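Student:
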Amino acid sequence: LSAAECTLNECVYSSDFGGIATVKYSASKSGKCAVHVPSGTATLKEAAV
Amino acid sequence: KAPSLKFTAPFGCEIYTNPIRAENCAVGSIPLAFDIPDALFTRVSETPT
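Line order of the protein sequences matches chains B and C.
If you're matching positions, the first sequence starts at 296 in PDB author numbering and goes up one per residue.
If you're matching positions, the second sequence starts at 247 in PDB author numbering and goes up one per residue.
1) Return helix, strand or coil for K319(B), following the three-state DSSP convention.
2) Between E269(C) and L251(C), what straight-line distance do the alpha-carbon atoms span, to the nearest angstrom?
3) In this structure, does DSSP put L303(B) in helix, strand or coil?
4) Once the 5 residues before and after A342(B) are set aside, which same chain residues still bring their CB inside 7 Å of it?
5) Does the CB of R267(C) have a neighbour CB from chain B at under 9 Å?
Structure representation (structure tokens):
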């Protein structure tokens with residue numbers, strides 16, 4: 296990627312996956328790869344987008 | 247016969263007959279209690295923003 300920006304649409308600290316973050320990116324190649332959070336701050340739903 | 251309560255009533259009431267009742271007396275205020283179930287609360291991202 297290059298020049299990617301993350302905004303939080305929904306944010307509710309519920310027990311399920313209750314938060315929506317829409318990452319506005321600009322990619323050189325169009326292909327799937329993996330997202331991850333290193334901390335224990337958030338737990339992502341899917342492994343790749 | 248001093249005139250009826252239809253013409254002399256304070257706050258602009260409207261006295262009627264067959265049940266003895268007054269109408270539309272603009273006085274006081276009605277409080278309200280809403281016990282709303284949790285199903286009606288739609289999430290944020292299902293509405294425009």
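Every residue, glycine too, gets a C-beta built ideally from N, C-alpha and C.
Tutor: Taking the structure as given:
1) DSSP places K319(B) in the strand class (E or B) of the three-state scheme.
2) The alpha-carbon separation between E269(C) and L251(C) amounts to approximately 12 Å.
3) Strand, per DSSP.
4) The answer, listed in chain order, is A329.
5) Look at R267(C): its C-beta is not under 9 Å from any C-beta on chain B.
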